[PDB]
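Novice:
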Amino acid sequence: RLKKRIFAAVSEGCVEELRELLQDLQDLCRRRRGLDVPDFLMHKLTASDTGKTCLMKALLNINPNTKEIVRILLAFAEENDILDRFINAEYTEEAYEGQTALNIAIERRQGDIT
Amino acid sequence: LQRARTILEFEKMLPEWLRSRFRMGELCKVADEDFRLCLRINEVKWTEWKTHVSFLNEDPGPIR
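If you're matching them up, the sequences are chains A and B in order.
Count the first sequence with UniProt numbering and you get residues 118 to 231, in order.
Count the second sequence with UniProt numbering and you get residues 694 to 757, in order.
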């Protein structure tokens with residue numbers, strides 16, 4: 118009930134809804150036993166059926182406030198130190214295998230987010 | 694126009710249970726509770742460049 122709300126707030130442009138859900142991700146991992154915290158937080162942002170992350174979902178759905186949404190997601194992945202695995206993720210299905218977030222940002226003609 | 698009149702006169706002849714098998718189109722969820730039985734045409738355009746909104750599907754490839 119947490120993962121489905123993050124993908125919904127990102128696709129529609131909800132700024133304050135998205136930021137409230139990110140503090141609950143820190144609070145849910147804090148009470149965790151804590152073995153593979155950088156591995157645990159990745160499968161809470163990656164759809165296990167397709168491989169799509171939440172940064173890919175923001176760039177496919179261009180909003181009038183999508184430039185500030187990307188800044189919030191990068192500052193979250195910087196604090197918990199999975200910024201390399203978050204910005205370099207790939208699809209796993211055969212139809213889109215190898216597509217990253219930079220292929221999506223160039224195709225939407227975004228000169229600033231690139 | 695002369696071939697189109699030949700196509701249609703063949704279609705009034707064959708029975709009702711044949712017209713369901715050779716029926717054109719596919720049901721498409723356009724909006725909330727709206728199914729319209731549309732027909733798909735592909736297109737390549739190189740002149741007007743723009744960013745894409747107002748699409749029905751995010752994933753571009755043919756799904757089945």
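The beta carbon of each residue, even a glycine, is placed where N, CA and C say it ideally should be.
What are the uninterrupted segments assigned as alpha helix (DSSP H) that are 4 or more residues long and contained completely in the segment 138 to 195 of chain A, given in chain order?
Specialist: Here the runs fully enclosed are 154 to 157 and 171 to 177.
Novice: Which class does A:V127 belong to by DSSP, given the choice of helix, strand or coil?
Specialist: Taking the first residue of the first sequence as position 1, residue 127 of chain A is located at position 10. Three-state result, A:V127: helix.
Novice: Report, in whole angstroms, the separation of the C-beta atoms of A:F203 and A:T167, which I expect to be a contact under 8 Å.
Specialist: For the purposes of this step, residue 203 of chain A is taken as residue 86 along the first sequence, with counting starting at 1. For the purposes of this step, residue 167 of chain A is taken as residue 50 along the first sequence, with counting starting at 1. Their Cβ separation, rounded to whole angstroms, is 16 Å, which puts A:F203 and A:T167 out of contact at 8 Å.
Novice: Residues of chain A with a CB under 7 Å from the CB of B:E751: which are they?
Specialist: In the second sequence, residue 751 of chain B corresponds to position 58, counting from 1. Simply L177.
Novice: For the segment 192 to 218 of chain A, enumerate the residues whose C-beta is nearer than 8 Å to any C-beta of chain B, in chain order.
Specialist: Those residues of the segment 192 to 218 of chain A that come within reach of chain B (Cβ to Cβ, closer than 8 Å) are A212 and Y213.
Novice: Would you mind sorting B:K738 into buried or exposed? The rule is 16 or more other CB atoms within 10 Å of its CB.
Specialist: Here the question's residue 738 of chain B lines up with position 45 in the second sequence. So B:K738 ends up on the exposed side.
Novice: For a test of the three-state rule: what should DSSP assign to B:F715, helix, strand or coil?
Specialist: Translated into the one-based positions of the second sequence, residue 715 of chain B becomes position 22. Of the three classes helix, strand and coil, the one that applies to B:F715 here is coil, per DSSP.
Novice: Give every residue of the same chain whose Cβ lies closer than 8 Å to the Cβ of A:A192, excluding the five residues on either side of it in the sequence, and list them in chain order.
Specialist: Position 75 of the first sequence holds residue 192 of chain A. Excluding positions up to five away in sequence, the list is empty.
Novice: Where does B:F728 sit, in a helix, a strand or coil, going by DSSP?
Specialist: If you number the second sequence from 1, residue 728 of chain B lands on position 35. Reduced to three states, the DSSP call for B:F728 is strand.
Novice: Measuring straight from C-alpha to C-alpha, what distance separates A:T217 and B:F728?
Specialist: Taking the first residue of the first sequence as position 1, residue 217 of chain A is located at position 100. Taking the first residue of the second sequence as position 1, residue 728 of chain B is located at position 35. Going from the Cα of A:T217 to the Cα of B:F728 covers about 34 Å.
Novice: Please report the residue range of the alpha helix (DSSP H) in which A:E211 lies.
Specialist: For this step, residue 211 of chain A is matched to residue 94 along the first sequence. Counting along the chain, A:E211 falls outside any alpha helix (DSSP H), and DSSP gives it neither H nor E.
Novice: Quick test of your reading: A:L119 and A:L138, contact by CB under 8 Å. State the CB separation rounded to the nearest angstrom.
Specialist: Here residue 119 of chain A is taken as the residue at index 2 of the first sequence, counted from 1. Here residue 138 of chain A is taken as the residue at index 21 of the first sequence, counted from 1. That belief holds up - the Cβ atoms of A:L119 and A:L138 are roughly 7 Å apart, short of 8 Å.
Novice: So A:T231 and A:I223 are in contact, right, with Cβ under 8 Å, and what is the actual spacing, rounded?
Specialist: Stepping through the first sequence from its first residue, residue 231 of chain A is reached at position 114. Stepping through the first sequence from its first residue, residue 223 of chain A is reached at position 106. About 6 Å; that satisfies the 8 Å criterion.
Novice: How about A:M159 and A:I199: are their beta carbons less than 9 Å apart?
Specialist: The sequence position of residue 159 of chain A within the first sequence is 42, counting from 1. The sequence position of residue 199 of chain A within the first sequence is 82, counting from 1. The answer is yes: Cβ separation under 9 Å.
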